[PDB]
Novice: 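Structure in structure tokens, see below.
In the text below, chain A, chain B and the rest are named by the order of the sequence lines, each starting its count at 1. These numbers come from the heavy atoms of this one structure, side chains and all, not from hydrogens, waters or symmetry mates.
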Amino acid sequence: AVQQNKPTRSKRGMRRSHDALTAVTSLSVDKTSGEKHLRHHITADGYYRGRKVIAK
Amino acid sequence: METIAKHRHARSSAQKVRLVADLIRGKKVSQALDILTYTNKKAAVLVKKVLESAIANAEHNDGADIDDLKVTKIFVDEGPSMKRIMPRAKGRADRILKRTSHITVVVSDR
Amino acid sequence: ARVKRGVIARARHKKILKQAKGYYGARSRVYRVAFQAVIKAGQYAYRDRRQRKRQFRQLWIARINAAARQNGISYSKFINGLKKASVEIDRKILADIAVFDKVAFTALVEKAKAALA
Amino acid sequence: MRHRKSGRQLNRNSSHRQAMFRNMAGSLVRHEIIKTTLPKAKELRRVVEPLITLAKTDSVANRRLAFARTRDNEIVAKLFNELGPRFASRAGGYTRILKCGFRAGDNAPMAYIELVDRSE
Amino acid sequence: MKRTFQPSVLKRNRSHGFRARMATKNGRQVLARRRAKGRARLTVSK
RNA sequence: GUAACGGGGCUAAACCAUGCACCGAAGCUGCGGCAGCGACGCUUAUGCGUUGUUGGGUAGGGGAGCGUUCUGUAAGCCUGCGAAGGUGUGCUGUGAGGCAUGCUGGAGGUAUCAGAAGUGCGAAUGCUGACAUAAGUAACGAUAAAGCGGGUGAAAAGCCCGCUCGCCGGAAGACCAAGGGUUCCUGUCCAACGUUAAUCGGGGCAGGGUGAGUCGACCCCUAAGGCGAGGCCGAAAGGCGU
RNA sequence: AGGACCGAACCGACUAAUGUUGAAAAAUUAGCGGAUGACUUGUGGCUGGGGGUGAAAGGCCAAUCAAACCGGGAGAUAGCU
RNA sequence: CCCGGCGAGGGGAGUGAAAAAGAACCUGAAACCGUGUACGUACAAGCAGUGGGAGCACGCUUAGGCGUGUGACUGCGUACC
RNA sequence: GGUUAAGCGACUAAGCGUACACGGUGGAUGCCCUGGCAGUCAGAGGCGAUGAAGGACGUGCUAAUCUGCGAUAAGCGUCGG
Ligand SMILES: [Mg+2]
Ligand SMILES: [Mg+2]
Ligand SMILES: [Mg+2]
Ligand SMILES: [Mg+2]
Ligand SMILES: [Mg+2]
Ligand SMILES: [Mg+2]
Ligand SMILES: [Mg+2]
Ligand SMILES: [Mg+2]
Ligand SMILES: [Mg+2]
Ligand SMILES: [Mg+2]
Ligand SMILES: [Mg+2]
Ligand SMILES: [Mg+2]
Ligand SMILES: [Mg+2]
Ligand SMILES: [Mg+2]
Ligand SMILES: [Mg+2]
Ligand SMILES: [Mg+2]
Ligand SMILES: [Mg+2]
Ligand SMILES: [Mg+2]
Ligand SMILES: [Mg+2]
Ligand SMILES: [Mg+2]
Ligand SMILES: [Mg+2]
Ligand SMILES: [Mg+2]
């Protein structure tokens, strides 16, 4: 089962109208280190909710 | 003024990079850097390197201030396609296209 | 004497594609489709050069009928009355008067009614 | 349907899952903190925490059960001689999952899972 | 699947080698044709 | 699926008769324009003065042209004060077209009247290249299976180290022949190749590495068979054979 | 003893499923037949295209076979498309 | 010099008449793919045009209105070979 | 002026279209010629057991390839320029 007609660049764009990525709405800010991090994840410098949880 | 950074012949289809590029079009560069930092795409890494290169071009070549810069232009063009053979069943060959893209990021304060 | 036919072929395709602007999709960018669409546009343009005269006469007749019925007479009896009164005003002018000079159109309707009476 | 069912398949057959969580429980016991994938850490809770609970009582039979479940005598020793006493008064919840982002090679969602008292 | 090319250097040289071609009138014609066409490798001879 | 008025609707908005209106085509008329063929008087390179009339068209016949490359005209003319080509725009002709000019371009172009053709593309499941589409879809090649810690790294699910786990174990281990031919080892690099990432590699690059009286080959010897002095045979080529 | 029997290697290929842009231009998996013989296999050799070879299917003769392949006559011819 | 991995790629600087001549290099067309702007488009059925045509946008103009772009709505309209 | 009611109603663009601007891809076009093509005139019409045609290997300050050359090896002697 293959197309009988070449679908248009318009239908291609129409189908891709749902492909847009969602940006992360907002980053959270660690209360201790003040550096931005993904919500409920550890900071890239090992903090989490103001506590240092890992030494990396 | 406007400062450009290009990553030409990036190894990724422009369609994939364009998702990320649309994600940070028109944003302030700090906000764009955050968005790219948390966007789980290979294209986000490439676009982030281009954006950081653009910011450094602006601050160094054009004496801009990072806090003023916005991503005023972030198109992704198609670059040349590398052409490769995928052997398929029954002796058939397909040619796959390893599509490259050119990423252009323009930052400016205006 | 070999002739490279690239320049003239480019020019012909460009002529057609310049005529094909505004057309949807391949019709405005793909020469095969564009040429078909340009030809069909030409046949429509001819056929409709004809169709325009009758569409506009149709519009005028409808407007005259409307105005004449505002003056208590059908279009048919109005046109017959105008002929019997020897008034030779086109449907175009009659409709234009019906819209823009309702008093003069009323006068025309009286003239036709006198002719018919 | 999987109404009310528990336990993640994790795209492994059962004996692979059991082997993997035995190894992962041993890793967590001996290192007290391990990076793994978030679903794997959430399932690892359900194996490690019962091992610690079991080790809160030090009998020969309980060391035998622990050894059956861990197959590592160093892990059993650390469970009964350190972890059991370290969690003697803690009513469950011996681990902590800390989401730590996404693994580069496959974008996998990653978490740290640690013993709760790993600080001291 | 056994495939049709089962290499053997000895059989290759005996069937298409330089000496085999020089052995007959038609082999020498093959060589003459290949020289005239200018081929870098006249024969299978490695 | 109403589905036997095109529909709505209609008791006329049906039917019959009569009558006058009107609508209605690219028919006809009007106005403007072009062309063909006639007939007329002045004549000519026919202009016209007019004047009738004709002008749907496939196969096809006839007539007249546009434009492209090349030759002459041309050691001329245009051209770095910007050629060709490209891309716009404007104007222009009945058309093929033509002219001008903005931008690009950066060195060629070429009137006129002749001359010659690889002289005009949308089709030929045409040919070559490029690029789409399906679509970021299928798939990523045995369902032996991974987990974690440490290292290195810009980055590690995949590399290195470690500890577990699993799988083969008349093999999925080991040594070879054949075949390949540097894939070997070390260093280094990660564009491309690796169906992912790769710091890794049978990838790139460089350097290194193959040591024989006894292993093998060569060699001595013969099989099948080949070739074959002479020879026999065969137009020739050559066949057969001592 | 045996073209004996059961059954691995080895040789095959009866059934089914899968696969059919395959992992694969004939395989995989589960079964299946032969398995001291008219067996099987390595290496080399010989047979050449109206020819070979064939426990015979027009089978096979380099994924090609009611006349191989390559080159040539050759721009065969094509009242057909 | 700068970003970047002592990358790739790029931004400056400089060379040059020219670097949008930078080696993926004269000219750089088309398909094809984007970014920006203008207009339209989420109650509307079909070769996608054509005839009519509102509205908007822009550019001219000394008004006056013309150019342009778009094109709601509407009559007609089933590609080419 | 306020409320209610009724009627009408712009502003949305996930995307998409058309136009335009600017790009990308691509490599057409034009321009170019140390390559071909066809000849004319004229030479020469052979090379080889004094080892040919064609090659293999080697040969440099040389890693490769090409050209040359041949262990006297990008060359040696001599005669001339
Ligand atoms: Mg194959
Ligand atoms: Mg899975
Ligand atoms: Mg009419
Ligand atoms: Mg006619
Ligand atoms: Mg020219
Ligand atoms: Mg045609
Ligand atoms: Mg699909
Ligand atoms: Mg899938
Ligand atoms: Mg695999
Ligand atoms: Mg690790
Ligand atoms: Mg190699
Ligand atoms: Mg190795
Ligand atoms: Mg890769
Ligand atoms: Mg290697
Ligand atoms: Mg010795
Ligand atoms: Mg003899
Ligand atoms: Mg038997
Ligand atoms: Mg058989
Ligand atoms: Mg089987
Ligand atoms: Mg039996
Ligand atoms: Mg025959
Ligand atoms: Mg033919």
Novice: Does any donor-acceptor pair link the side chain of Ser8(E) with the base of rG44(G) at a separation under 3.5 Å?
Specialist: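 Between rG44(G) and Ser8(E), which were checked side chain against base, a qualifying N/O pair under 3.5 Å is absent.
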Novice: I'd like to know if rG72(F) and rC113(F) make a pair - Watson-Crick or G-U wobble, with both distances under 3.5 Å.
Specialist: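 Pair flag for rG72(F) and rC113(F) is true.
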Novice: Could you check if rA17(G) and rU28(G) make a Watson-Crick or G-U wobble pair, where both distances must be under 3.5 Å?
Specialist: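 Given the Watson-Crick and G-U criteria, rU28(G) is paired with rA17(G).
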Novice: Is a donor-acceptor contact shorter than 3.5 angstrom present between the side chain of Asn61(B) and the base of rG12(H)?
Specialist: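 A donor-acceptor contact between them is absent.
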Novice: Respond yes when some side-chain nitrogen or oxygen of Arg57(C) is under 4.0 Å from OP1 or OP2 of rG24(F), and no when none is.
Specialist: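 Indeed, a polar side-chain atom of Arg57(C) lies that close.
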Novice: For RNA chain F, whose closest nucleotide is more 5', that of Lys83(C) or that of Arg95(B)?
Specialist: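 Final value for this comparison: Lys83(C).
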Novice: Is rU53(G) the Watson-Crick or G-U wobble partner of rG59(G), both distances being under 3.5 Å?
Specialist: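 Between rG59(G) and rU53(G), a qualifying pair exists.
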Novice: With respect to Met82(B), which candidate in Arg99(B), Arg11(B), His9(B) satisfies the side-chain contact (heavy atoms from CB on, under 4.5 Å) definition?
Specialist: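 Testing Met82(B) for a side-chain contact (heavy atoms from CB on, under 4.5 Å) against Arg99(B), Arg11(B), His9(B) leaves exactly one candidate, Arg11(B).
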Novice: Quick one, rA38(H) with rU18(I), are they a Watson-Crick or G-U pair at under 3.5 Å for both distances?
Specialist: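 Pair flag for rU18(I) and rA38(H) is true.
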Novice: Would you please confirm or rule out a distance under 4.0 Å between OP1 or OP2 of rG22(G) and any side-chain N or O of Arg88(B)?
Specialist: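 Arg88(B) to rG22(G) OP1/OP2: side-chain N or O found under 4.0 Å.
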Novice: Are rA64(I) and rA63(I) stacked, with six-ring centres under 5.5 Å and planes under 30°?
Specialist: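 Stacked: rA63(I) and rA64(I) meet both the distance and angle limits.
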Novice: Ignoring backbone atoms, test whether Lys77(C) places a side-chain nitrogen or oxygen under 4.0 Å from the OP1 or OP2 oxygen of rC23(F).
Specialist: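 No, outside the criterion.
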Novice: Tell whether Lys90(B) reaches the base of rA24(G) with its side chain through a donor-acceptor pair below 3.5 angstrom.
Specialist: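 Side chain to base: no pair below 3.5 Å.
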Novice: Can you tell me how far P of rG22(H) sits from NZ of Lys6(B), to the nearest Å?
Specialist: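 In whole Å, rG22(H) P and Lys6(B) NZ are 12 Å from each other.
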Novice: Yes or no on ring pair (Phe, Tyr, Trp, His ring centres under 6.0 Å) for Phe67(D) and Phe80(D), after CA distance, side-chain angles and deciding distance?
Specialist: CA-CA 11 Å; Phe67(D) 186 69; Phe80(D) 286 86; over 10 Å; no
Novice: Side chain of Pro7(E) only, heavy atoms from C-beta on: which candidate in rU69(F), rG179(F), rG51(H) is closest?
Specialist: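 Out of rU69(F), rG179(F), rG51(H), the nucleotide with an atom closest to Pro7(E)'s side chain is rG179(F).
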Novice: For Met1(E) and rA25(G), what is the distance between atoms CE and P respectively, to the nearest whole Å?
Specialist: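 After rounding, the reported distance stands at 9 Å.
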Novice: Base contacts versus sugar-phosphate-only contacts with protein, heavy atoms under 4.0 Å: please encode nucleotides 85-107 of chain F as B, S and - from 5' to 3'.
Specialist: SSSSS------SS----------
Novice: Whole angstroms only, please: what is the NE2-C1' distance between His16(D) and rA145(F)?
Specialist: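 So the two atoms are 4 Å apart, to the nearest Å.
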Novice: Establish, with yes or no, whether the OP1 or OP2 oxygen of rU50(H) is under 4.0 angstrom from a side-chain nitrogen or oxygen of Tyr23(C).
Specialist: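 Checking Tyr23(C) against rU50(H): at least one side-chain N or O falls below 4.0 Å of OP1 or OP2.
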Novice: Kindly say if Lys83(B) contacts the phosphate of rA130(F), meaning a side-chain N or O under 4.0 Å from OP1 or OP2.
Specialist: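 So the side-chain polar atoms of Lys83(B) do come within 4.0 Å of the phosphate oxygens OP1 or OP2 of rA130(F), strictly under.
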Novice: Does the distance from a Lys or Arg side-chain N to an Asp or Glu carboxylate O, for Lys48(B) and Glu52(B), drop under 4.0 Å?
Specialist: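 Yes, this pair counts.
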Novice: Within the structure, does a side-chain N or O atom of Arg99(B) lie under 4.0 Å from either OP1 or OP2 of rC32(H)?
Specialist: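 Indeed not, no polar side-chain atom of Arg99(B) lies that close.
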Novice: Does the pair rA71(I), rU72(I) qualify as stacked when the test is that the six-membered ring centres sit under 5.5 Å apart and the ring planes lie under 30° from each other?
Specialist: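 For these two strand neighbours, the answer is no: their six-membered rings do not meet both cut-offs.
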Novice: Are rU51(F) and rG194(F) base-paired in the Watson-Crick or G-U wobble sense, both distances less than 3.5 Å?
Specialist: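 No pair, by the stated definition.
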Novice: Enumerate the residues from residues 14-32 of chain B whose closest heavy atom to RNA chain F is under 4.0 Å, giving them by residue number; use none for an empty result.
Specialist: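 Heavy-atom cutoff 4.0 Å gives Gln15(B), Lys16(B).
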Novice: Just how far, in rounded Å, is P of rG5(H) from CG of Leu46(B)?
Specialist: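 In whole Å, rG5(H) P and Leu46(B) CG are 13 Å from each other.
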Novice: Side-chain N or O of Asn80(C) less than 4.0 angstrom from OP1 or OP2 on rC22(F)?
Specialist: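 Yes, because at least one side-chain N or O of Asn80(C) sits under 4.0 Å from OP1 or OP2 of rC22(F).
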Novice: Given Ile74(B), which of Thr104(B), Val106(B), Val47(B) fulfils the side-chain contact (heavy atoms from CB on, under 4.5 Å) condition?
Specialist: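 The residue from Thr104(B), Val106(B), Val47(B) that satisfies side-chain contact (heavy atoms from CB on, under 4.5 Å) with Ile74(B) turns out to be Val47(B).
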Novice: Between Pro80(B) and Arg17(D), who's closer to the 5' end of RNA chain F by nearest nucleotide?
Specialist: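 Nearer the 5' end of the strand: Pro80(B).
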Novice: Report yes if at least one side-chain N or O of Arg9(A) is closer than 4.0 Å to OP1 or OP2 of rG34(H); otherwise report no.
Specialist: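 No, no such contact exists.
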Novice: In this structure, do the base rings of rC25(H) and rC26(H) stack on each other (centres less than 5.5 Å apart, planes differing by less than 30°)?
Specialist: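 Not stacked, because at least one condition fails for the base rings of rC25(H) and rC26(H).
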Novice: In whole angstrom, give the distance that lies between atom CD of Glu78(B) and atom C1' of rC33(H).
Specialist: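 After rounding, the gap between these two atoms is 4 Å.
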Novice: First and last nucleotide of RNA chain I touching chain B, 5' to 3', heavy-atom cut-off 4.0 Å?
Specialist: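 In short, chain B contacts RNA chain I from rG23(I) to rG26(I).
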Novice: Please determine if a side-chain N or O atom of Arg32(C) lies less than 4.0 Å away from the OP1 or OP2 oxygen of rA30(H).
Specialist: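 Indeed not, no polar side-chain atom of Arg32(C) lies that close.
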Novice: Under the side-chain hydrogen bond (donor to acceptor under 3.5 Å, both in side chains) rule, what do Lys16(B) and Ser13(B) come out as? Steps first, then yes or no, please.
Specialist: CA-CA 5 Å; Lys16(B) 286 159 183 174; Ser13(B) 88; 4.7 Å; no
Novice: Look at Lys84(C) and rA21(F) and indicate whether a side-chain polar atom (N or O) is within less than 4.0 Å of OP1 or OP2.
Specialist: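 For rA21(F), OP1 or OP2 has a side-chain N or O of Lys84(C) closer than 4.0 Å.
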Novice: Whether the side chain of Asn65(C) engages the backbone of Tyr75(C) through a donor-acceptor N/O pair (distance < 3.5 Å, no angle test) should be reported.
Specialist: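 Confirmed, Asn65(C) side chain pairs with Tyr75(C) backbone.
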Novice: Please state the P separation for the pair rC77(F) and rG63(F) - nearest whole angstrom.
Specialist: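 My reading of the P atoms in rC77(F) and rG63(F) gives 42 Å.
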Novice: Do the bases of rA206(F) and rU71(F) pair up, Watson-Crick or G-U wobble style, with both gaps under 3.5 Å?
Specialist: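 Pair flag for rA206(F) and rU71(F) is false.
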Novice: Within this structure, what is the CG-to-P distance between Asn13(E) and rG44(G), rounded to whole angstrom?
Specialist: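 Value for this atom pair: 12 Å.
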Novice: Strictly below 4.0 Å: does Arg12(A) bring a side-chain N or O up to OP1 or OP2 of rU133(F)?
Specialist: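 For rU133(F), OP1/OP2 do have a side-chain N/O of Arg12(A) under 4.0 Å.
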Novice: Counting only N and O atoms by type, is there a donor-acceptor contact under 3.5 Å from the side chain of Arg27(C) to the main-chain atoms of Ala20(C)?
Specialist: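 No, the answer is negative, given that no donor and acceptor are paired below the 3.5 Å cut-off.
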Novice: Does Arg8(B) have a side-chain nitrogen or oxygen under 4.0 Å from the phosphate oxygens OP1 or OP2 of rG10(H)?
Specialist: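 Yes, such a contact exists.
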Novice: Under 5.5 Å between six-membered ring centres and under 30° between their planes: does that hold for the bases of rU43(F) and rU44(F)?
Specialist: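 In short, no, the neighbouring bases do not stack by the stated criterion.
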Novice: Would you mind building the protein contact string for nucleotides 72-81 of chain H? One character per nucleotide, 5' to 3', B for base within reach (heavy atoms under 4.0 Å), S for sugar-phosphate only, - for untouched.
Specialist: ---BBB-BS-
Novice: Quick one: is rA134(F) close enough that its OP1 or OP2 comes under 4.0 Å of any side-chain N or O from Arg15(A)?
Specialist: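 It does, given that an N or O in the side chain of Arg15(A) lies less than 4.0 Å from OP1 or OP2 of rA134(F).
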Novice: Could you identify which residues of residues 19-46 of chain E place a heavy atom less than 4.0 Å from some atom of RNA chain F, listed by residue number, or say none?
Specialist: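 Residues of residues 19-46 of chain E that come under 4.0 Å of RNA chain F are, in numerical order, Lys25(E).
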Novice: Please encode protein proximity along nucleotides 148-163 of chain F as a string of B, S and -, counting only heavy-atom distances under 4.0 Å.
Specialist: SS-------BB-----
Novice: Counting only Watson-Crick or G-U wobble geometry with both distances under 3.5 Å, does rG88(F) pair with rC15(F)?
Specialist: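 Not paired: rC15(F) with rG88(F) fails the WC/G-U check at 3.5 Å.
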Novice: Of the listed nucleotides (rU50(H), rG44(G), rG10(H)), which one gets closest to any side-chain atom of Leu10(E)?
Specialist: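 Per side-chain heavy atoms of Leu10(E), the pick is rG44(G).
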Novice: May I ask you to say what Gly25(C) touches in the nucleic acid, namely base, sugar-phosphate or nothing, with a heavy-atom cut-off under 4.0 Å?
Specialist: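 Touches sugar-phosphate only.
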Novice: Please classify the sugar of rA13(G) as north or south using the torsion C1'-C2'-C3'-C4'.
Specialist: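 Since its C1'-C2'-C3'-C4' torsion is negative, the sugar of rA13(G) is on the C2'-endo, or south, side.
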Novice: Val50(B) near the nucleic acid: base, sugar-phosphate alone, or nothing, with a heavy-atom cut-off under 4.0 Å?
Specialist: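 No contact.
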Novice: Give a yes or no on whether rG70(I) and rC57(I) pair, Watson-Crick or G-U wobble, both distances under 3.5 Å.
Specialist: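 Paired, yes.
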Novice: By the criterion of two distances each under 3.5 Å, are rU41(H) and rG15(I) a Watson-Crick or G-U wobble pair?
Specialist: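 Taken together, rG15(I) and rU41(H) make a base pair (Watson-Crick or G-U wobble, both distances under 3.5 Å).
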Novice: On the nucleotide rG147(F), are OP1 or OP2 found under 4.0 Å from the side-chain N or O atoms that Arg12(D) carries?
Specialist: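 Result: yes.
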Novice: If we require both distances under 3.5 Å, is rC60(H) with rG14(H) a Watson-Crick or G-U wobble pair?
Specialist: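 Answer is no for this nucleotide pair.
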